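Engineer: Below is the structure I would like to discuss, written out as structure tokens.
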Amino acid sequence: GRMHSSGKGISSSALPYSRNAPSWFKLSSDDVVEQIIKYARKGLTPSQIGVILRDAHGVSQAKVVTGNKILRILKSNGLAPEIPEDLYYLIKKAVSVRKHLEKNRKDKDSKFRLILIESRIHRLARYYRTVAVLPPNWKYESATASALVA
Amino acid sequence: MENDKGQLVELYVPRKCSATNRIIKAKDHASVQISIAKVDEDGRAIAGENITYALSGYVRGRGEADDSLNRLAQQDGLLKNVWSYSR
Amino acid sequence: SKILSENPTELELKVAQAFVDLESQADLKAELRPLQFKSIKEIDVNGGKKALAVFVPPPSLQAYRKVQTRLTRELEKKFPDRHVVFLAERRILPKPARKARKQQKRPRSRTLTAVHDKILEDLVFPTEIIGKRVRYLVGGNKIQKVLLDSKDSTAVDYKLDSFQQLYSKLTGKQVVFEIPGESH
Amino acid sequence: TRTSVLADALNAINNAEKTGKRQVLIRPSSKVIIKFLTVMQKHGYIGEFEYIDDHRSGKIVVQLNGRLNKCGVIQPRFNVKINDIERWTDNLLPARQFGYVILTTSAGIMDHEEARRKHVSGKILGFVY
Amino acid sequence: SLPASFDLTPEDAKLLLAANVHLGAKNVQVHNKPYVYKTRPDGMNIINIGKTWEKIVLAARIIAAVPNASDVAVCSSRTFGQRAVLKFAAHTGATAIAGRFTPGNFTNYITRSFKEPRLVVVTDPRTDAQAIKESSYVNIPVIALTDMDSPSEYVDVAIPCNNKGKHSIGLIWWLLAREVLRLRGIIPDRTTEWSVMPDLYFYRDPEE
Amino acid sequence: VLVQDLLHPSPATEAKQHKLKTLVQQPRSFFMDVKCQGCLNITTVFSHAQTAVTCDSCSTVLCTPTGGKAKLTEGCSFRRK
RNA sequence: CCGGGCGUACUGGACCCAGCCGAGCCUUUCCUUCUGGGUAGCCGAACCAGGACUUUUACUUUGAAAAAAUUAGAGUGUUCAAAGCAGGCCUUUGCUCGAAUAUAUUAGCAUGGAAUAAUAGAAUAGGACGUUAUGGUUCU
Ligand SMILES: [Mg+2]
Ligand SMILES: [Mg+2]
Ligand SMILES: [Mg+2]
Ligand SMILES: [Mg+2]
Ligand SMILES: [Mg+2]
Ligand SMILES: [Mg+2]
Ligand SMILES: [Mg+2]
Ligand SMILES: [Mg+2]
Ligand SMILES: [Zn+2]
């Protein structure tokens, strides 16, 4: 495991066997959707909306209640971001490292980490082009990356 | 093993382990044959009348012979609630 | 008018006659006007009882689920020695052959595996399934085991045997229902 | 990564049978694994086995009775013509009178003796004896 | 199965706990895990003496199956068990091996005390490792009094008990002798009090 | 141990296992109904909450995220749902 | 199961135990068709022969094809044999078994099957059916 490390950690979530909403859950499939859109306009990514839902609203899974996954609901309401969230945070981290590197030119460790992040961007961007999430001519440019995320 | 006419051309049909069903070889000197006496309703051991189990030398070497007898004897009624299937 | 089928049988009319009688008490009346069903399949189970299967349009299933716990109890009173279950009439689409002409991609809800799992879920409605196991016996036959939650167990705990034969009638396979966490 | 779940399943069975255990847990499950186990069960090399549904690939618990000498996969699943089945049984099986080479044919998964009976051939899948 | 007269009586249970038989070693091996009932908060492991009793009854039934009583060999390298095995041999007719076990007694057929027992009974697998090792060379089954740290290799019948107790060793040996004679019919029934006292079979220091 | 019931593990030993190493993996977390001391308003809070949840009535932090389970503030009582 | 020297092949006779290789029909499961035969029974599949469509493979069965010589192999007293494709009959104004059969194998061709491994499909619906659904725009 760990594509870009020697780690073998297994920590992750373990979904319950039950695919139905808990008996104590009382919100409707609608009230969750308006809650998601309300939070989506505040700028939260699908990961953060799901964290807030279970943390403060008791929504264990948006799928077991609404019937669709969170990103599927946003894309159905024209609220899907242009760049996928995970690709956005990889590019944003690469932007931060590249900005740090120009002021710290002897930081050869940051140069090594930057190659890993950018290699991770290209593998993910290439995948998104085959599934037609990104345009076939979409290419990640290091020079113009700051425009996309900043 | 027998031929076409049905005669048992096999010599030495070997014994098999009671725990693992492995064949106990002719020179497996770690293998034993447990003989356990039958007890009548008076609490007396019945002379020359036994329950017999065989263990291969492999099972005994790993130290699992004791736990295998606990299981085998409990299924035959020689023991009660000493070996548990679920751990 | 309650029956969504042309030429209903006498049993369907009697059941719909009950359906036009449970709204008399206003605690459950605001919801029995739209309720309809397609068929009433009935089979004989051992012990002198008879299994009554009410078939419901799948889109109408979630409306029945809101009052099904109550509605069955009075329907079991009106028809004695009857075990009442509510099933949705899901459609099974056959697996396309290699030479078969291309059709629209078959949704998973229309697959035979999903439908048998779905009717296996509608059978035990008040309880929820917490685990399923399939035994493969040396004889060649295969037996399913479904484990049910102890919550709301009293609604089904005296039946289950009706479900096993009813499931066998519908699919031809063997299933055994067990509630591992009872008080016992 | 995990490239052959059948190889993982048979390796676990072999390790449990060689160590004298009468049961083994297999993860993940698949159709090929279940149909491979059914052939082993049909010839008496294993006992009853149980499938556990976890809303995932699944798990299997197999009961071993000590009659199994070795089961294994052939990776890759080579194409086998009918005239090549004889050569494969010579290399993989201990004798001409027992043991089975498992094939996947368009008529289904079956042992090499059944494949000759119905005159079908496919890709080799494994063996058991 | 077994008549209820063979169940663990309260009298024997009182003896086992007063002799500290139930005290098993701090660290338990994986093979002795089923015999542990619960770990005592100091660290000692409590032996399920109900399981201990049944193994004793099972062990005595194997001993009773040996035709020649002298063919049963009872062994003890610990000083705490030397008196027990010598008295066991006297009462049952078995062959006692107290103290040092000469290596080659089972394999070397020109040694002085070269024996061919049909069964070997061991006080402790750790301090009697030599006696157990040779039994695995000439197809001799082994019954062993095992603590929670005692090894279980080449041991067929394990009696879970405290191997490191002065009274534990003597009591277990006394119980086997009584049961073997009960099955043989020497003791008329399972309720008659035995003449021999568990104080006999106990090791005595040179002081007295 | 050569023979063992893998299909019916002891529930005591089954609970000591890692959450991914059970027969069917199951989360050990749960959701709670939190009563702040100041007022009485049902607020569903995840046991391992990563957010400083505040009740709607008064903007007071109910819990602080930690490495594992969220830590409830003083005067806050929880009941598992 | 009368076997008319284990013999036991032959074969009247299985009455088929089970097992094995099949084929359909029913279970929510049908080449959407089109044109007749042709119409028989309802209130075009009732089987053919002449048309219209078709997700792409890999794989595997069977068939045709892969020249003869060579190889394996059936027959045949070249005096045996290596070989050869001869030869055999009561002795012939002639009669007459033959000169087999297997193997080829990647590529190509036709074919049965659909496990295994890919592939395509209904997502801003520009999606599917209306067999005789209602119009409109073009085109043959
Ligand atoms: Mg890992
Ligand atoms: Mg890598
Ligand atoms: Mg993850
Ligand atoms: Mg009313
Ligand atoms: Mg069998
Ligand atoms: Mg070879
Ligand atoms: Mg063979
Ligand atoms: Mg075999
Ligand atoms: Zn508050």
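In the structure tokens, chains take letters A, B, ... by order of appearance, with residues numbered from 1 within each chain and ligands from 1 in the order shown.
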Go through the chains and note each residue within 12 Å of ligand 6, using only C-alpha atoms (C1' of nucleotides) and all ligand atoms, then give the set as a list in words.

Structural biologist: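 Counting only C-alpha atoms (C1' of nucleotides) and all ligand atoms, the residues within 12 Å of ligand 6 come out as residues 87, 88, 89, 90, 91, 92, 93 and 94 of chain D.
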
Engineer: Based on the selection just made, write N, CA and C atoms of those residues as a CSV table (one decimal), in the first residue's frame.

Structural biologist:
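What ended up in out27.csv:
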```
chain,number,residue,atom,x,y,z
D,87,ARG,N,-1.7,-34.2,-21.8
D,87,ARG,CA,-0.3,-33.7,-21.4
D,87,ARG,C,-0.4,-33.0,-20.0
D,88,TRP,N,-1.4,-32.3,-19.8
D,88,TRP,CA,-1.6,-31.5,-18.5
D,88,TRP,C,-1.8,-32.5,-17.3
D,89,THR,N,-2.6,-33.5,-17.5
D,89,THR,CA,-2.9,-34.4,-16.4
D,89,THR,C,-1.6,-35.2,-16.1
D,90,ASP,N,-0.8,-35.5,-17.0
D,90,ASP,CA,0.5,-36.2,-16.8
D,90,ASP,C,1.4,-35.4,-15.9
D,91,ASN,N,1.5,-34.1,-16.2
D,91,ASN,CA,2.4,-33.3,-15.4
D,91,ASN,C,1.9,-32.9,-14.0
D,92,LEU,N,0.6,-32.7,-13.9
D,92,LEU,CA,0.1,-32.2,-12.6
D,92,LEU,C,-0.5,-33.3,-11.7
D,93,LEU,N,-0.9,-34.4,-12.2
D,93,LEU,CA,-1.6,-35.3,-11.3
D,93,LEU,C,-0.6,-36.5,-10.9
D,94,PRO,N,-0.8,-37.0,-9.6
D,94,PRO,CA,0.1,-38.0,-9.2
D,94,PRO,C,0.0,-39.4,-9.9
```

Engineer: Skipping near chain neighbours, those fewer than 2 positions away, what residues fall within 12 Å of residue 26 of chain B using only C-alpha atoms (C1' of nucleotides), listed as number ranges by chain?

Structural biologist: B: 12-16, 23-24, 28-31, 56-57; E: 139

Engineer: Among segment 69-199 of chain E, which ones does DSSP assign to helix (DSSP H, G or I) (computed from the backbone)? Answer as a VMD selection string.

Structural biologist: chain E and resid 69 to 71 79 to 92 129 to 135 166 to 184

Engineer: At a cut-off of 12 Å, using only C-alpha atoms (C1' of nucleotides), what residues contact segment 126-133 of chain G? Leave out same-chain residues fewer than 5 positions from it and give the result as a list in words.

Structural biologist: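 Surrounding residues, per the criterion: residues 102, 103, 104, 105 and 106 of chain C; 32, 33 and 121 of chain G.
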
Engineer: Would you save the residues of that selection, restricted to N, CA, C and O atoms (P, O5', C5', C4', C3', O3' and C1' of nucleotides), as a PDB file, in the first residue's frame?

Structural biologist:
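Writing done, so here's part16.pdb:
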```pdb
ATOM      1  N   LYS C 102     -29.318  -5.988 -28.930  1.00  0.00           N
ATOM      2  CA  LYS C 102     -28.998  -5.044 -27.871  1.00  0.00           C
ATOM      3  C   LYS C 102     -30.255  -4.320 -27.405  1.00  0.00           C
ATOM      4  O   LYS C 102     -31.044  -3.832 -28.219  1.00  0.00           O
ATOM      5  N   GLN C 103     -30.434  -4.252 -26.093  1.00  0.00           N
ATOM      6  CA  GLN C 103     -31.480  -3.463 -25.465  1.00  0.00           C
ATOM      7  C   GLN C 103     -30.831  -2.406 -24.578  1.00  0.00           C
ATOM      8  O   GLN C 103     -29.605  -2.276 -24.528  1.00  0.00           O
ATOM      9  N   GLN C 104     -31.660  -1.650 -23.865  1.00  0.00           N
ATOM     10  CA  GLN C 104     -31.132  -0.694 -22.905  1.00  0.00           C
ATOM     11  C   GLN C 104     -30.460  -1.435 -21.758  1.00  0.00           C
ATOM     12  O   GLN C 104     -30.854  -2.548 -21.398  1.00  0.00           O
ATOM     13  N   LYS C 105     -29.408  -0.829 -21.210  1.00  0.00           N
ATOM     14  CA  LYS C 105     -28.667  -1.481 -20.139  1.00  0.00           C
ATOM     15  C   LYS C 105     -29.592  -1.799 -18.969  1.00  0.00           C
ATOM     16  O   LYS C 105     -30.338  -0.938 -18.493  1.00  0.00           O
ATOM     17  N   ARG C 106     -29.533  -3.038 -18.509  1.00  0.00           N
ATOM     18  CA  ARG C 106     -30.421  -3.520 -17.457  1.00  0.00           C
ATOM     19  C   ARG C 106     -30.028  -2.958 -16.093  1.00  0.00           C
ATOM     20  O   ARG C 106     -28.906  -3.212 -15.633  1.00  0.00           O
TER      21      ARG C 106
ATOM     22  P     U G  32     -37.251 -11.272 -31.266  1.00  0.00           P
ATOM     23  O5'   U G  32     -38.481 -10.636 -30.483  1.00  0.00           O
ATOM     24  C5'   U G  32     -39.498 -10.006 -31.234  1.00  0.00           C
ATOM     25  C4'   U G  32     -39.573  -8.516 -31.035  1.00  0.00           C
ATOM     26  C3'   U G  32     -40.347  -7.848 -32.153  1.00  0.00           C
ATOM     27  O3'   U G  32     -41.747  -7.861 -31.971  1.00  0.00           O
ATOM     28  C1'   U G  32     -38.270  -6.755 -31.884  1.00  0.00           C
ATOM     29  P     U G  33     -42.614  -8.388 -33.211  1.00  0.00           P
ATOM     30  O5'   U G  33     -41.621  -9.489 -33.818  1.00  0.00           O
ATOM     31  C5'   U G  33     -41.183  -9.515 -35.178  1.00  0.00           C
ATOM     32  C4'   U G  33     -40.559  -8.221 -35.651  1.00  0.00           C
ATOM     33  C3'   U G  33     -41.149  -7.751 -36.966  1.00  0.00           C
ATOM     34  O3'   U G  33     -41.077  -6.336 -37.117  1.00  0.00           O
ATOM     35  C1'   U G  33     -38.908  -8.546 -37.284  1.00  0.00           C
ATOM     36  P     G G 121     -20.697   3.547 -23.151  1.00  0.00           P
ATOM     37  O5'   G G 121     -22.277   3.472 -23.319  1.00  0.00           O
ATOM     38  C5'   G G 121     -22.901   3.763 -24.563  1.00  0.00           C
ATOM     39  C4'   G G 121     -24.228   3.055 -24.687  1.00  0.00           C
ATOM     40  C3'   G G 121     -25.306   3.526 -23.714  1.00  0.00           C
ATOM     41  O3'   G G 121     -26.580   3.469 -24.347  1.00  0.00           O
ATOM     42  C1'   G G 121     -24.880   1.223 -23.370  1.00  0.00           C
TER      43        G G 121
END
```

Engineer: Quick one: residues within 6 Å of segment 69-71 of chain F, only C-alpha atoms (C1' of nucleotides) counted, chain neighbours fewer than 3 positions away excluded, as a ChimeraX atom specification?

Structural biologist: /F:47-49,63-66

Engineer: Please write out the residues within 6 Å of ligand 1 as a PDB file with N, CA, C and O atoms, in the first residue's frame, counting only C-alpha atoms (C1' of nucleotides) and all ligand atoms.

Structural biologist:
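Dumped to pocket-v1.pdb:
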```
ATOM      1  N   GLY A   1       0.793  -1.214   0.000  1.00  0.00           N
ATOM      2  CA  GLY A   1       0.000   0.000   0.000  1.00  0.00           C
ATOM      3  C   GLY A   1       0.829   1.270   0.000  1.00  0.00           C
ATOM      4  O   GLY A   1       2.059   1.216  -0.058  1.00  0.00           O
ATOM      5  N   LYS A   8       2.280   1.177   5.526  1.00  0.00           N
ATOM      6  CA  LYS A   8       1.302   0.117   5.322  1.00  0.00           C
ATOM      7  C   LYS A   8       0.120   0.299   6.268  1.00  0.00           C
ATOM      8  O   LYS A   8      -0.487  -0.684   6.706  1.00  0.00           O
ATOM      9  N   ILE A  10      -3.572   0.946   7.700  1.00  0.00           N
ATOM     10  CA  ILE A  10      -4.871   0.457   7.265  1.00  0.00           C
ATOM     11  C   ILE A  10      -6.024   1.288   7.821  1.00  0.00           C
ATOM     12  O   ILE A  10      -7.184   0.916   7.647  1.00  0.00           O
TER      13      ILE A  10
END
```

Engineer: As a list in words, please: every residue in segment 25-114 of chain D that DSSP puts in strand (DSSP E).

Structural biologist: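 Here are the strand (DSSP E) residues of segment 25-114 of chain D: residues 25, 26, 49, 50, 51, 52, 53, 59, 60, 61, 62, 63, 71, 72, 73, 100, 101, 102, 103, 104, 105, 108, 109, 110 and 111 of chain D.
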
Engineer: Just to be explicit: take each residue in the selection above, keep N, CA and C atoms, and write the result as a short mmCIF file (atom, residue, chain, number, x, y, z; two decimals), in the first residue's frame.

Structural biologist:
```
data_model
loop_
_atom_site.label_atom_id
_atom_site.label_comp_id
_atom_site.auth_asym_id
_atom_site.auth_seq_id
_atom_site.Cartn_x
_atom_site.Cartn_y
_atom_site.Cartn_z
N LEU D 25 -10.52 -19.68 6.96
CA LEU D 25 -11.29 -18.51 6.56
C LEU D 25 -10.70 -17.90 5.30
N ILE D 26 -11.55 -17.64 4.31
CA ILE D 26 -11.13 -17.15 3.00
C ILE D 26 -11.75 -15.78 2.76
N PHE D 49 -18.92 -25.96 3.20
CA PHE D 49 -18.37 -24.62 3.37
C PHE D 49 -19.50 -23.60 3.38
N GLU D 50 -19.22 -22.44 3.97
CA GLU D 50 -20.23 -21.47 4.35
C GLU D 50 -19.83 -20.11 3.79
N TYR D 51 -20.77 -19.41 3.17
CA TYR D 51 -20.54 -18.07 2.64
C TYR D 51 -21.15 -17.03 3.57
N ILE D 52 -20.35 -16.01 3.90
CA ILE D 52 -20.75 -14.92 4.78
C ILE D 52 -20.87 -13.65 3.94
N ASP D 53 -22.05 -13.04 3.97
CA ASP D 53 -22.31 -11.82 3.22
C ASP D 53 -22.00 -10.62 4.11
N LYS D 59 -16.80 -13.42 2.41
CA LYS D 59 -15.88 -14.33 3.08
C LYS D 59 -16.44 -15.74 3.02
N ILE D 60 -15.55 -16.72 3.13
CA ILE D 60 -15.90 -18.14 3.10
C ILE D 60 -15.19 -18.85 4.24
N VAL D 61 -15.90 -19.76 4.91
CA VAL D 61 -15.29 -20.65 5.89
C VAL D 61 -15.44 -22.08 5.38
N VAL D 62 -14.31 -22.76 5.20
CA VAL D 62 -14.29 -24.11 4.64
C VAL D 62 -13.90 -25.08 5.75
N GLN D 63 -14.59 -26.21 5.81
CA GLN D 63 -14.25 -27.28 6.73
C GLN D 63 -13.39 -28.32 6.01
N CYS D 71 -4.23 -28.59 -3.45
CA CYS D 71 -5.01 -27.89 -4.46
C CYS D 71 -4.26 -26.63 -4.84
N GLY D 72 -4.32 -26.26 -6.11
CA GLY D 72 -3.58 -25.10 -6.56
C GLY D 72 -4.15 -24.54 -7.84
N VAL D 73 -3.75 -23.31 -8.14
CA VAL D 73 -4.15 -22.64 -9.37
C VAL D 73 -3.05 -22.80 -10.41
N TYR D 100 -7.79 -34.53 -10.25
CA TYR D 100 -8.58 -33.82 -11.24
C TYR D 100 -7.89 -32.50 -11.58
N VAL D 101 -7.88 -32.17 -12.86
CA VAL D 101 -7.49 -30.85 -13.36
C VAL D 101 -8.76 -30.06 -13.62
N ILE D 102 -8.87 -28.89 -13.00
CA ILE D 102 -10.06 -28.06 -13.12
C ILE D 102 -9.90 -27.10 -14.30
N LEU D 103 -10.89 -27.09 -15.17
CA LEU D 103 -10.93 -26.22 -16.34
C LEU D 103 -12.12 -25.28 -16.23
N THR D 104 -12.01 -24.12 -16.86
CA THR D 104 -13.16 -23.26 -17.09
C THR D 104 -13.52 -23.35 -18.58
N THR D 105 -14.64 -24.00 -18.88
CA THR D 105 -15.15 -24.12 -20.23
C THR D 105 -16.46 -23.36 -20.35
N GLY D 108 -19.21 -24.53 -18.41
CA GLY D 108 -19.11 -24.40 -16.97
C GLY D 108 -17.79 -24.93 -16.45
N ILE D 109 -17.58 -24.69 -15.16
CA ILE D 109 -16.40 -25.17 -14.45
C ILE D 109 -16.57 -26.65 -14.10
N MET D 110 -15.57 -27.47 -14.44
CA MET D 110 -15.67 -28.92 -14.29
C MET D 110 -14.28 -29.53 -14.26
N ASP D 111 -14.21 -30.77 -13.77
CA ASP D 111 -12.97 -31.54 -13.75
C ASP D 111 -12.67 -32.13 -15.14
#
```

Engineer: If you count only C-alpha atoms (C1' of nucleotides) and all ligand atoms, which residues end up within 10 Å of ligand 2, as a list in words?

Structural biologist: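 Final answer, ordered by chain and number: residues 1, 2, 3, 4, 5 and 6 of chain A.
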
Engineer: 9 Å from ligand 3 is the threshold here; counting only C-alpha atoms (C1' of nucleotides) and all ligand atoms, which polymer residues fall inside it? Answer as a PyMOL selection string.

Structural biologist: chain A and resi 11-13

Engineer: Put those residues in a file: N, CA, C and O atoms, as a CSV table (one decimal), in the first residue's frame.

Structural biologist:
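File written: part.csv
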```csv
chain,number,residue,atom,x,y,z
A,11,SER,N,-5.7,2.4,8.5
A,11,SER,CA,-6.8,3.2,9.1
A,11,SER,C,-7.7,3.8,8.0
A,11,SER,O,-7.3,4.4,7.1
A,12,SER,N,-9.0,3.6,8.2
A,12,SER,CA,-10.1,4.0,7.3
A,12,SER,C,-11.4,3.8,8.0
A,12,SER,O,-11.5,3.4,9.2
A,13,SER,N,-12.5,4.3,7.4
A,13,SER,CA,-13.8,4.1,7.9
A,13,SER,C,-14.3,2.6,7.6
A,13,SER,O,-13.9,2.0,6.6
```

Engineer: Enumerate as a PDB file with N, CA and C atoms (P, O5', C5', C4', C3', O3' and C1' of nucleotides), in the first residue's frame the residues belonging to chain G that approach chain D to within 10 Å, with only C-alpha atoms (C1' of nucleotides) taken into account.

Structural biologist:
```
ATOM      1  P     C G  20     -24.229 -38.336 -13.098  1.00  0.00           P
ATOM      2  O5'   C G  20     -23.677 -38.495 -14.585  1.00  0.00           O
ATOM      3  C5'   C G  20     -22.442 -39.149 -14.837  1.00  0.00           C
ATOM      4  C4'   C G  20     -22.291 -39.491 -16.296  1.00  0.00           C
ATOM      5  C3'   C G  20     -22.765 -38.441 -17.290  1.00  0.00           C
ATOM      6  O3'   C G  20     -21.842 -37.412 -17.583  1.00  0.00           O
ATOM      7  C1'   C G  20     -23.585 -40.569 -17.934  1.00  0.00           C
ATOM      8  P     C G  21     -22.414 -36.042 -18.193  1.00  0.00           P
ATOM      9  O5'   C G  21     -22.637 -36.452 -19.720  1.00  0.00           O
ATOM     10  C5'   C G  21     -21.758 -36.105 -20.773  1.00  0.00           C
ATOM     11  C4'   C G  21     -22.396 -36.421 -22.107  1.00  0.00           C
ATOM     12  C3'   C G  21     -23.487 -35.488 -22.601  1.00  0.00           C
ATOM     13  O3'   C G  21     -23.027 -34.247 -23.093  1.00  0.00           O
ATOM     14  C1'   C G  21     -24.233 -37.688 -22.858  1.00  0.00           C
ATOM     15  P     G G  22     -23.857 -32.921 -22.743  1.00  0.00           P
ATOM     16  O5'   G G  22     -24.914 -32.805 -23.924  1.00  0.00           O
ATOM     17  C5'   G G  22     -26.283 -32.555 -23.659  1.00  0.00           C
ATOM     18  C4'   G G  22     -27.164 -33.258 -24.655  1.00  0.00           C
ATOM     19  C3'   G G  22     -28.487 -32.568 -24.925  1.00  0.00           C
ATOM     20  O3'   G G  22     -28.379 -31.475 -25.811  1.00  0.00           O
ATOM     21  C1'   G G  22     -28.861 -34.871 -24.598  1.00  0.00           C
ATOM     22  P     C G  59      -8.232 -16.585 -29.775  1.00  0.00           P
ATOM     23  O5'   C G  59      -8.823 -17.525 -28.629  1.00  0.00           O
ATOM     24  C5'   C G  59      -8.208 -17.621 -27.354  1.00  0.00           C
ATOM     25  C4'   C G  59      -9.120 -18.301 -26.363  1.00  0.00           C
ATOM     26  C3'   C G  59      -9.610 -19.682 -26.756  1.00  0.00           C
ATOM     27  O3'   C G  59      -8.655 -20.694 -26.501  1.00  0.00           O
ATOM     28  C1'   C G  59     -11.439 -18.397 -25.994  1.00  0.00           C
ATOM     29  P     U G  60      -8.293 -21.757 -27.646  1.00  0.00           P
ATOM     30  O5'   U G  60      -9.443 -22.857 -27.529  1.00  0.00           O
ATOM     31  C5'   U G  60      -9.654 -23.566 -26.315  1.00  0.00           C
ATOM     32  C4'   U G  60     -11.057 -24.111 -26.221  1.00  0.00           C
ATOM     33  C3'   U G  60     -11.506 -24.963 -27.397  1.00  0.00           C
ATOM     34  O3'   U G  60     -11.032 -26.295 -27.347  1.00  0.00           O
ATOM     35  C1'   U G  60     -13.180 -23.384 -26.908  1.00  0.00           C
ATOM     36  P     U G  61     -10.886 -27.125 -28.713  1.00  0.00           P
ATOM     37  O5'   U G  61     -12.375 -27.562 -29.105  1.00  0.00           O
ATOM     38  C5'   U G  61     -13.154 -28.366 -28.230  1.00  0.00           C
ATOM     39  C4'   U G  61     -14.494 -28.749 -28.823  1.00  0.00           C
ATOM     40  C3'   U G  61     -14.488 -29.296 -30.245  1.00  0.00           C
ATOM     41  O3'   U G  61     -14.159 -30.668 -30.320  1.00  0.00           O
ATOM     42  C1'   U G  61     -16.221 -27.702 -30.018  1.00  0.00           C
ATOM     43  P     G G 113     -25.420 -22.290 -29.614  1.00  0.00           P
ATOM     44  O5'   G G 113     -24.459 -22.509 -28.363  1.00  0.00           O
ATOM     45  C5'   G G 113     -24.482 -23.674 -27.538  1.00  0.00           C
ATOM     46  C4'   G G 113     -23.390 -23.523 -26.516  1.00  0.00           C
ATOM     47  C3'   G G 113     -23.459 -22.173 -25.821  1.00  0.00           C
ATOM     48  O3'   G G 113     -24.331 -22.181 -24.698  1.00  0.00           O
ATOM     49  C1'   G G 113     -21.222 -22.677 -26.524  1.00  0.00           C
ATOM     50  P     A G 114     -24.877 -20.808 -24.054  1.00  0.00           P
ATOM     51  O5'   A G 114     -23.694 -20.126 -23.242  1.00  0.00           O
ATOM     52  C5'   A G 114     -23.016 -20.646 -22.107  1.00  0.00           C
ATOM     53  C4'   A G 114     -21.792 -19.781 -21.933  1.00  0.00           C
ATOM     54  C3'   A G 114     -22.092 -18.352 -21.477  1.00  0.00           C
ATOM     55  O3'   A G 114     -21.061 -17.846 -20.634  1.00  0.00           O
ATOM     56  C1'   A G 114     -21.054 -18.293 -23.602  1.00  0.00           C
ATOM     57  P     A G 115     -21.402 -16.997 -19.314  1.00  0.00           P
ATOM     58  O5'   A G 115     -20.373 -17.547 -18.233  1.00  0.00           O
ATOM     59  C5'   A G 115     -20.660 -18.639 -17.378  1.00  0.00           C
ATOM     60  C4'   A G 115     -19.386 -19.338 -16.985  1.00  0.00           C
ATOM     61  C3'   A G 115     -18.193 -18.423 -16.739  1.00  0.00           C
ATOM     62  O3'   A G 115     -18.158 -17.900 -15.421  1.00  0.00           O
ATOM     63  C1'   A G 115     -17.559 -20.214 -18.159  1.00  0.00           C
ATOM     64  P     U G 116     -17.650 -16.398 -15.139  1.00  0.00           P
ATOM     65  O5'   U G 116     -16.149 -16.393 -15.662  1.00  0.00           O
ATOM     66  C5'   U G 116     -15.140 -17.128 -14.986  1.00  0.00           C
ATOM     67  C4'   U G 116     -13.846 -17.092 -15.753  1.00  0.00           C
ATOM     68  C3'   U G 116     -13.338 -15.707 -16.126  1.00  0.00           C
ATOM     69  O3'   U G 116     -12.629 -15.092 -15.057  1.00  0.00           O
ATOM     70  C1'   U G 116     -13.284 -17.105 -18.031  1.00  0.00           C
ATOM     71  P     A G 117     -12.885 -13.554 -14.659  1.00  0.00           P
ATOM     72  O5'   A G 117     -12.230 -12.751 -15.863  1.00  0.00           O
ATOM     73  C5'   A G 117     -10.858 -12.931 -16.182  1.00  0.00           C
ATOM     74  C4'   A G 117     -10.469 -12.117 -17.385  1.00  0.00           C
ATOM     75  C3'   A G 117     -11.204 -10.804 -17.556  1.00  0.00           C
ATOM     76  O3'   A G 117     -10.733  -9.798 -16.679  1.00  0.00           O
ATOM     77  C1'   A G 117     -11.058 -11.905 -19.637  1.00  0.00           C
TER      78        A G 117
END
```

Engineer: Any idea which chain A residues end up within 9 Å of chain F if we count only C-alpha atoms, as an MDAnalysis selection string please?

Structural biologist: chainID A and resid 10:17 24 51:52 54:58 60

Engineer: For residue 69 of chain D, work out the shell of residues within 10 Å, counting only C-alpha atoms (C1' of nucleotides) and skipping chain neighbours fewer than 2 positions away, then give it as a list in words.

Structural biologist: residues 22 of chain B; 14, 17, 18, 45, 66, 67, 71, 99, 128 and 129 of chain D
